[PDB]
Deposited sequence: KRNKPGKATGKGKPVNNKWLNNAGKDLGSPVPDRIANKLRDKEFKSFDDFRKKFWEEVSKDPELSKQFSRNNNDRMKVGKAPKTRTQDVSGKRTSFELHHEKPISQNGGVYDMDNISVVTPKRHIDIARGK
């Protein structure tokens, strides 16, 4: 269901997703949270799309991805992960909620980016 994005995220280095396959993965960049905060989305999917598009517009983050991955994010799709981090048909970075419905669907502080391999272990 719809809702509004909230949270502050965290500052990230020039290797943002380097730890996406460990622990809870990589956090929502604070610069990205600033652009998405207080905005309404029809669903989490809508959020996910807007999220990646925002990443493509941030010079500090886009430079961390190849030209092909930047094009993917520019249209709202998650970037492809490295071959070693895929799992079956799941070949792109996924968003994981730390605290499930048991919540905070649009709580950027309860959202992170993880690889398929790591997500399955979680």
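Residues 1-3, 106-107, 128-131 of the deposited sequence, counted from 1, carry no C-alpha coordinates in the model.
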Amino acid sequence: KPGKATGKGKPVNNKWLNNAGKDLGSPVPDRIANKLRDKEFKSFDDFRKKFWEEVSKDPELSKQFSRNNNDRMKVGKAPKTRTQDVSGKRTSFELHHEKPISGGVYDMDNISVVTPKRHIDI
From here on, numbers count along this sequence of modelled residues.
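Two stretches are in play, 103-111 and 13-21, and the higher mean C-alpha B-factor belongs to 103-111.
Annotation for 85-93 versus 68-76: the higher mean temperature factor (C-alpha) is found in 85-93. When the C-alpha B factors of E40, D30, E53, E60 are read from the deposited coordinates, the top value falls at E40.
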